[PDB]
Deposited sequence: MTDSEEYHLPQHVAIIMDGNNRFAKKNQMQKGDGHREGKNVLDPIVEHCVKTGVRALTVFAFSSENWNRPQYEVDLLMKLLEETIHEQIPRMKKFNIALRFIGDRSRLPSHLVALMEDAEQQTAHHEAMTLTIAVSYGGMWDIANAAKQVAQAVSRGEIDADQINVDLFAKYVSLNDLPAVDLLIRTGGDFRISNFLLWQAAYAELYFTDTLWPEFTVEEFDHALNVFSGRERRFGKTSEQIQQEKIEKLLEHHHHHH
């Protein structure tokens, strides 16, 4: 405990609003600011560019863009001691994209002050059902008694179970939905919604959100989680 310290250990961001933007990288200064300030985990969802329910030509372009962006980010993540991680379904992804994700995770694992997780082909319901599948597979092997399955056991199989629970979730762009993102992990997260469009989102407003989180922790306490 501490009277002065109220920094969230795990921040999640739903990046939205470029679809409404009429007229330099936004995420990079946020990521750098987080690791410099001591945030332990940052988990992000590109609300438009990870929506792969589009014509196959567009999905192909989006995957190529993701690959080029991962490649460009690896040396930057090494420079700032950030571990890159990916969550989501990999079973239907092109082999080159899977290899590139593994490569990026392997190149950035050493000497990591913060984990940056990118949601790729991810959904919160998918995550929960995947955890249930893994639990049932363990039951089939005799490793779990199905009658003893409870919240604490199930939590060990959901994505990001080795990181702190999400303390703060930010969504830009104006909508007030968490849109099937980190449903289990953000069960007790403070939710910060802003109409600022993602391309116009600033480190200053991010700091404001952190101060809002601190004030809400003072006002409503920390939760059970």
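Missing C-alpha coordinates mark the following deposited-sequence intervals, in order: 1 to 2, 26 to 38, 241 to 258.
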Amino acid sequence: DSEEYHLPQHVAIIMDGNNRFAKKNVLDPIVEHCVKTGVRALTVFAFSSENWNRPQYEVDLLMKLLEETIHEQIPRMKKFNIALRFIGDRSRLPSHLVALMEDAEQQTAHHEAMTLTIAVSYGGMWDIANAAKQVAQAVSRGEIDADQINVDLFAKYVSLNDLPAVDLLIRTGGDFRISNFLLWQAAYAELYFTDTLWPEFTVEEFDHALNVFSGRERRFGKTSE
From here on, numbers count along this sequence of modelled residues.
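For the two regions 100 to 108 and 70 to 78, the entry's Cα B-factors average higher over 70 to 78. Relative to one another, 41 to 49 and 55 to 63 have unequal mean CA B-factors, and 55 to 63 is the one with the higher figure.
Within the selection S95, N130, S121, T117, the deposited Cα B-factor values reach their highest point at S95. In this PDB entry, the Cα temperature factor of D147 sits in the top third of its chain's modelled residues, the highest group.
In the deposited entry, the Cα temperature factor of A209 sits in the middle third of values across the chain's modelled residues. When all modelled residues of the chain are sorted by CA temperature factor, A22 is found within the highest third.
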